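A, B, C, D, E, F, G, H and I are the chain letters, set down in written order, and residue numbers restart from 1 in every chain.
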Amino acid sequence: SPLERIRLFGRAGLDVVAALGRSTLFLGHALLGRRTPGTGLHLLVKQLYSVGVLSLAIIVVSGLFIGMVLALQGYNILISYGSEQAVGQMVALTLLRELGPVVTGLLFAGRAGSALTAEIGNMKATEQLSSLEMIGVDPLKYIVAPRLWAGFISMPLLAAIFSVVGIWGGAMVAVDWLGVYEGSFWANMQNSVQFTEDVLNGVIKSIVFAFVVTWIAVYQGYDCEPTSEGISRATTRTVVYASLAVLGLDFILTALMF
Amino acid sequence: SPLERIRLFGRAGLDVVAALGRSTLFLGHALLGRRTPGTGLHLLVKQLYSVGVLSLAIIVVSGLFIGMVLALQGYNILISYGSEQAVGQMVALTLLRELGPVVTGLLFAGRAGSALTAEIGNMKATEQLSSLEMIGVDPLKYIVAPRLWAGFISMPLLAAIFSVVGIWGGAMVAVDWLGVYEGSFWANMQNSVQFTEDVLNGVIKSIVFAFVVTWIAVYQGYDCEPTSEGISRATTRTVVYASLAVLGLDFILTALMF
Amino acid sequence: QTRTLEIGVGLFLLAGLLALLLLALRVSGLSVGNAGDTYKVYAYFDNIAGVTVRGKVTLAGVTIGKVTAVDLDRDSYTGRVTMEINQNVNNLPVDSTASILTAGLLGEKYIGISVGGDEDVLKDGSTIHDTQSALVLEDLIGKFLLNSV
Amino acid sequence: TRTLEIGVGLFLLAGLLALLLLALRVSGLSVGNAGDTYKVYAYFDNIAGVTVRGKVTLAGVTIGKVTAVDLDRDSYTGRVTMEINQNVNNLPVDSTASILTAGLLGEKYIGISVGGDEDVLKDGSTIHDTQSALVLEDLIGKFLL
Amino acid sequence: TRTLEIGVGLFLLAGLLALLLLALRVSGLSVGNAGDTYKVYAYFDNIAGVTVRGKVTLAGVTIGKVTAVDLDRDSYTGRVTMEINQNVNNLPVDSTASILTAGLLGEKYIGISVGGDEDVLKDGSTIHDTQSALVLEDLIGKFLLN
Amino acid sequence: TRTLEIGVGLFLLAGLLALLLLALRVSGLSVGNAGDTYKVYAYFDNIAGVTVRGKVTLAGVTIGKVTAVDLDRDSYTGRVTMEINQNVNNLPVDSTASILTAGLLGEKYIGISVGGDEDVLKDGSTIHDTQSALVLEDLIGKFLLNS
Amino acid sequence: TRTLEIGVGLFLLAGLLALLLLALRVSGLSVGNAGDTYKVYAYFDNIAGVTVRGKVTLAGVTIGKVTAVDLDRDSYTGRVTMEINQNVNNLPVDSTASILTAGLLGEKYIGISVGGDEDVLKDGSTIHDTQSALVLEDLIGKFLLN
Amino acid sequence: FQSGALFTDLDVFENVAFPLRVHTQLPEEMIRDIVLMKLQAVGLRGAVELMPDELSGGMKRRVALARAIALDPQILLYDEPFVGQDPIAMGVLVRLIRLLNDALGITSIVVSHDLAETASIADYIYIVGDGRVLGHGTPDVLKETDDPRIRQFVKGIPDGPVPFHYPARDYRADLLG
Amino acid sequence: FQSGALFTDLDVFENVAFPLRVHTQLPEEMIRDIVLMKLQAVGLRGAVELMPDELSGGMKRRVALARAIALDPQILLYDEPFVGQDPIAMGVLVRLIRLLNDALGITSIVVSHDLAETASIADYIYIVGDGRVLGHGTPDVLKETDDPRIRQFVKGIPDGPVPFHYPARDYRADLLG
């Protein structure tokens, strides 16, 4: 029925409505609820390991490849303009103000934005997440608070590591394989950086959709209905949305500052 | 034990070894095994819907955002060079030869590279994938062959749609919000395209790691051990690898052709 | 009725997100801490070929501001440029001249000013009287060696 | 009133099909164009650098855009055609348009010098006289002997 | 059912249309700029910066594009073969084809002069005389050595 | 255990170092670039090509960076103030400081011409004499078109 | 399936370590550790564009990089220090070395004329005679203004 | 199978028809009639439209059983049929798996960890352990086999050949030292 | 719970200690001794090092039970304990859930769809249905309550208040028309 079809559409409207409402409530309860008995900092260490460190080889190799691609594209894009040696101010400006954090999102939100949702989803599905209450610990502070903290304090560091490896790979292909001159590269690069105005720009950009990624990437895991199909669908909702939001907030955050 | 630690490391070596070996065998059996009784083409239609169409809104919105970001970055990157009106030959060359298909991979491999693995994973886990044999149909031709075909014939179309919407959004922000002149944009764009040499380049680039994405994105789903934790880990392995391979083959495919 | 509460908070958050449009939020040419008070001035030139808007008007090298707009006064068919001056710069006599320069060799044709000397200084919203138009690679070559041989 | 809230879907539809028409208002009937201001012709002997839809200016201020360029094989000449805003119509007919080059490498562009002949531009008259675009090769081949 | 077929078909057509819009409009392919052009040859002493698909023009306005370049194995000159739009069909025989560079760094295109009042061409013939492509070296070392 | 603490600390430190290498060995703010250095002023008649974060040099090699260009509201000249490395503290006061364009089209740095005196510096004072920077409109309005 | 497993693990670790080494030889750039070649110095009056890692060359072909540039507190001049590929060991002391600039916008690089014919070098000694780099300003100064 | 193993893609009707639409070429009406009579036999005749996603986990198995008995196979296997459902659903299922055998005379191989109902309905039960059949018999002989392994299995008797405790070291030393 | 509900993060020992490390501040030795005596009581004393990922699905529940009985709670709940395991594991578990009650004198609330073993061990069984307790009693009174709903539940008797067939339209018309 078309009228009831639109009824279902509107029900989905109110559904995402109440969804992110409940999400912000969840986030509040998690970051500022109380202090639980069985918490600490070792939790944060274990998480930060599972979320950042394990997801580090991926972004290292990905930074390598995307950097040398950025080079092999800039060299050939610009040799048609003579200003070949200026490739440094490209491979280090695009890889540092916009593409750096965007790809770092789409990868972090790819792996650690998912195997983080499936983790606390599975937890909810084997009731493990529930027996915590019957014990007495608040899960939203023992199970998910270290997730959020491993998010906020990993993805920015990951973006930095990615940008570094990207620039270095771009140089290594440009210097050794393209043949452009050694010192000229870093020279034009440092002459065209504007630290507080591009580097810090990219870092605040990284942090904001670090927060946004590992916010949904954990909420979805907390909300998914407990069944092996439910989790299998939540760990896809949290890639759809974690990429949508990465790019959307990249766009807004770059309209705030060109 | 360190010696046994290296033993485990080497066991993982042989493991990924035999893994992708078995993967290529699987792919062969799937695409060229036999012709099954209960197959057809309606299967391909249903799949192609579930894989392409549902994953179309994501890449539409993502193309929009990434295009207007590419613009808002090019305008400001290049106004410092005077050649402002040349933004068209940027927002339409980067979004069409390298970044277009790469982001289309990281998104398709994000959503339809996962909710495709979880699907045929869940199938294997509720034994649904197994009763097909006890009936007699070969699953590798009824369950996964339409997956592969919905992969190969969707991701390239998706890359094209993405590049189109990206260029159009870049124009819409450049024309209406940046104020650069209407005809000049498309003019410098078409004067600097080299169809058979950039457009077709981007399309073959899209196709190759369409094949590569929806190859692992279905193999992993076929191999994952049947348990709600197994699938929850496979649908992360098939984002790690589906992004690794996207970028790696992008790099190789752009070293084949600058 | 937790559903109602969730809906309310979600609407608050969607409002907070819509509060970030960034299509003329803080209309200005600079930040909100900087007053942006820059008084007007006009100037009458005969060719401003490379004095496009967003240039840099300067004096003795240091920037004094930017060009705001360029116009063709339909009476004399000359160029009239309207530009701005930081208020701390309020000490330019009227007999001073303005003229288009070129940053290095292929730098955008900015305009510099040469201070003359006269006790009265500025209405700062007035125009200039005398100038030297931008040099052009055509009339220069034409009068030196295209037609003077 | 949960059925009485189907309206949300309505809103969204009215919110979606709206955006579509706004994505399709690329023309933007909120007029900011110039309404196809008036065409002018000119004949040159060489327009080498003049590309289609460059810029036409006078006294440095951009007057408008060159609409098109062509060649008349009878005279073997370059007939260029450009629009000019209507607010500036006081051009005299004798006023000559000559190709200039911005700076030293800035792209070629036609600039007009007023003629003050008291006959305002008839709005359609081809340019009577001009100075063609210079050519580096012309310069060097004129003085090497 | 049917809505599946309709959706998937509509959006397959959407994909293919997008591929063409990338092909036809943005990439500026044949159909938009296809036409009937004929060939001609030209013997130059030097073509230093004549690139394939460089422009060939007269009176400033573009005419066609160079098709191909060759070195003649006999006199070791540059035989350049280039296209001309058919509507351009009145170039006489003694016209001169020289190499011109608009901006001092602009690419080395070719421009042809007016050849008096003789028969036009076969448009498939060659040209006789020329003004070859200058270089910086010859420019300076010419005005040196003594 | 602790094999996890060591790893996570390692890579926290790796990210931190990477942030620094972006900030310092890729943007070059201050690790010896504009730290222990001492000021000086100079009065130029035109600083057209002189920009902030430029370079003050002597005999080609860099001596330091420039800090702030300003207009002295009385004479309308340029007051250019710049830092100098502390190891370099041997300049005479009569020495000039001209503006040189890098190569042929590069940015405009400024270079010092040792004049030769006994009094060396105050490193925070100004300079007496110098040569301004050229500009095309001048040179061509100079002895080329006055006939 | 118990020996070759550990063997494969060791093979993999060795390969990763080798990739590591090959990667690190990019920094501390791939022309040896110390060359592993011989140093030399030179004094100039202006080295404006001879920043770290600039080409030292003879007869056009580069010989090595520059290593360091300094302002000697005594003579107020510039001192530049550079290595030399060891196969290049026949440079007489009486050579000169001026700061060439490839083309016009090229990054300045020092080119060495053999000069005279005498004792080759100590390869760690200094040079004596040379021509500093030119500056546009002096040129359009001394030779135009006065 | 247990958990039904229905195809989430196809509705109930098509799901049950699938084996026919595979091994036989029947007029699409006649397939509908066989499907209908089978669904009636199992009772899920009404939900000939539901998708299994919509179907309550209980009947989600009886429809699978109907799909099985389609084609009228002469033998059929049961992977843990009566495991984890309210004794009403377990009762109807244990009535059907026996009705199919008493009527249709088709061999049926239940495979269930549940000893009680298995030994209740079964005729010649086996016991599979660590790659070797650990004997076999009709329920009676099996109830008193006195083979320690088996007699430990078929009864509660937690401690026997299969150990109760894990292989610890010492309840005295470890807790003391 | 059923499926144990162990924390995949922590090994067995820390997992069992968790409630102590939460509600009580004991010398880290003394916690170890309580954990050890409990694990012995349940039998999983040996695997004081395994991670639950490494632990076979059977004992993966007995360790959870030990974690429960930690702190010596006076009442404790069982979410479908004896559901889906070989009758040896079911036997040891039904022996433990009863040993804890006969010895420790702690109230225990089994919650199981399995009627047989529940009614075997339970003392005052309930029946919850559609938001209302559908009566209650000791096993005996419950075996002959004659309340159609209940007597249908506690016995096989598939057809009764809970219907067998789905709400179809007609076995004649639909198949004919």
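The rule is simple: a residue touches a chain if its C-beta (ideal position, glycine included) is under 8 Å from a C-beta of that chain, and two chains touch if they have at least 3 such contacts.
Just so we're on the same page, UniProt names per chain: A, B = Intermembrane phospholipid transport system permease protein MlaE; C, D, E, F, G = Mce/MlaD domain-containing protein.
Student: A-G versus D-E: which interface comes out with more C-beta contact pairs?
Tutor: Higher contact count goes to D-E.
Student: If you list every residue number at the chain A and chain B contact, are more than half found on both copies (same) or fewer than half (different)?
Tutor: Copies use mostly the same positions to touch.
Student: Rounded to a whole Å, what is the gap between the Cα centroids of chain G and chain H?
Tutor: Averaging C-alpha atoms per chain gives centres 82 Å apart.
Student: Could you give the separation in Å between the centres of chain C and chain E, each centre being the mean of its C-alpha atoms?
Tutor: 42
Student: Could you work out how far the Cα centre of chain A sits from that of chain B, in whole Å?
Tutor: Averaging C-alpha atoms per chain gives centres 19 Å apart.
Student: When you check chain D against every other chain, which residues touch at least two of them?
Tutor: 101, 104-105
Student: Where does chain I touch two or more other chains at once, residue-wise?
Tutor: none
Student: For chain B, jot down the residues that touch at least 2 other chains.
Tutor: 46, 126
Student: Note which residues of chain A are touching chain B in the complex, please.
Tutor: 58, 61-62, 65-66, 68-69, 72-73, 75-77, 93-94, 97-99, 102-103, 106-107, 109-111, 114-115, 118-119, 121-122, 125-126, 227-229, 231-233, 235-236, 239-240, 243-244, 247-248, 250-251, 254-255, 258
Student: Under the stated contact criterion, what part of chain F meets chain A in this complex?
Tutor: 4-5, 7-8, 11-12, 14-16, 18-19, 21-23, 26-29, 107
Student: Can you name the residues of chain C that touch chain D in the complex?
Tutor: Within the complex, chain C contacts chain D at residues 45-51, 70-72, 74-75, 77-79, 102, 105-106, 109, 133-134, 136-138, 141-142, 146.
Student: Applying the document's contact rule, which stretches of chain I touch chain A when the two form their complex?
Tutor: For chain I paired with chain A, touching residues are 1, 3-9, 18-19, 21-23, 77, 79.
Student: In the complex, go through chain G and note every residue touching chain A.
Tutor: Those in contact with chain A are residues 23, 26, 29-30, 51-55, 65, 107.
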